[PDB]
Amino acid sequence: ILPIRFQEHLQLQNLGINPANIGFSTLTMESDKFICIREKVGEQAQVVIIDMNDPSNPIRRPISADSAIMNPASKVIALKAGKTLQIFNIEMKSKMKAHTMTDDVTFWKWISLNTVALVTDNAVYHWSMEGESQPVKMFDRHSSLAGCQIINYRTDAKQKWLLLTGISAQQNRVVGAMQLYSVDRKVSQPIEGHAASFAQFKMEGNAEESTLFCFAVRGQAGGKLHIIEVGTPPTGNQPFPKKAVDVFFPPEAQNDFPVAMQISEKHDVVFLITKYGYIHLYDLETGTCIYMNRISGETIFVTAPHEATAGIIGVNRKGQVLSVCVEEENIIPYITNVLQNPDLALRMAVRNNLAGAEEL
């Protein structure tokens, strides 16, 4: 028995997608609802829009953009060409918004249902789709990310804790550089890190949720995962006790590192995927490593939460669209009998309302 369930949703090559376009710069998956792929067929640049609820009928539309990112919930698409940003409602055949930046945008992403984050060489901006809003600067980039490839940007639910991640080569390894910014304190902290996520977690005995920051890093000394509360606990709350645990890489994976993290608040588990195809599952509360295995041959370069299973969905370089989630019938007996951790088993059974801890 395994504590996780793997599912293949699609092979993009079966829909006519050229594998040269299956990569970080040309394929975006901002949520589990859509995949957008920029392709050039003949003279014309196009975007192929895969609706994940109707995936055998992808729609191809001409574009003149260097990047396209679909809204997480709606057929509203953001496109850019150098400094020109445009937002379309596709069903309404409508240009919702147009904005001309004064810097090129190196990385952008939807950070919520109605806000796009824009990263330039020098700063990070948020742009709300509500009313007549324009981009607002959130913070200046820290010099520790200068020259990095920007690979992610995430926030907590209230958009008060902001996290920018870049990577570069130093001493012959991929080194991650993060910038954590507090909107309320107006302070940045540079952190060595590869992949991260925020999560809301209500501790037993607390009236209010804690906001947790979780990050994984392969440092010079080895792999580590941290789970730490950000900010002052809400009044009345006990503080969340911070956790730090090892992240294992086997001897043959000397050059592997973390590339993606998603946290299930249904099960309070952390999914971590590495560059070279390994999946790890950690308990959010303790950081206990529940499971590790190799699940892709190919590098997985983009992920999103998988809403239906409260798991993680991802696309690999072959064009396989794959999800991983907690196997709700197996996770508790796995932790009891294979990990031999009846304490964790019992806790998770009761915490997340899972069957199996009736015998320990």
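Counting begins at 1, following the sequence as shown. For clarity, a rigid core is taken as the largest C-alpha set superposing within 1.5 Å between two forms.
#### Entry: Core-fitted comparison in 8 other deposited structures of this protein, 285 to 293 vs 124 to 132, farther C-alphas
Greater root mean square C-alpha distance in 8 other deposited structures of this protein: 124 to 132.
For the stretches 226 to 234 and 122 to 130, which has the higher mean C-alpha B-factor as given in the deposited record? Of 122 to 130 and 226 to 234, the stretch with the higher C-alpha B-factor average is 226 to 234.
Out of 268 to 276 and 102 to 110, which one has CA B-factors that are higher on average in the deposited record?
For C-alpha atoms only, the mean B-factor is higher in 268 to 276.
- Query: From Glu208, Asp156, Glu192, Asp140, pick the one with the largest CA B-factor in the entry?
  - Reply: Most elevated C-alpha B-factor of the set, per the entry: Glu208.
Exercise. Using the temperature factors in the entry, find which of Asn89, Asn71, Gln86, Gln220 has the highest value at its Cα atom.
Key: Of the candidates given, the C-alpha B-factor peaks at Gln220.
**Asked** Split the chain's modelled residues into thirds by Cα B-factor; is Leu27 in the lowest, middle or highest one?
**Response** Answer is lowest: the recorded C-alpha B-factor places it there.
Position of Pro135 among the chain's modelled residues by C-alpha B-factor, lowest, middle or highest third: For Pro135, whose C-alpha B-factor we compare with every modelled residue in the chain, the answer is the lowest third.
Notebook entry, point to check: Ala304: which third of its chain by C-alpha temperature factor?
Noted result: Answer is lowest: the recorded C-alpha B-factor places it there.
**Prompt:** Lowest, middle or highest third of the chain for the C-alpha temperature factor of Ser67?
**Reply:** Answer is lowest: the recorded C-alpha B-factor places it there.
query = Compared with the other modelled residues in the chain, in which third is the CA B-factor of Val247?
reply = Within its chain, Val247 is a middle-third residue by C-alpha B-factor, going by the deposited values.
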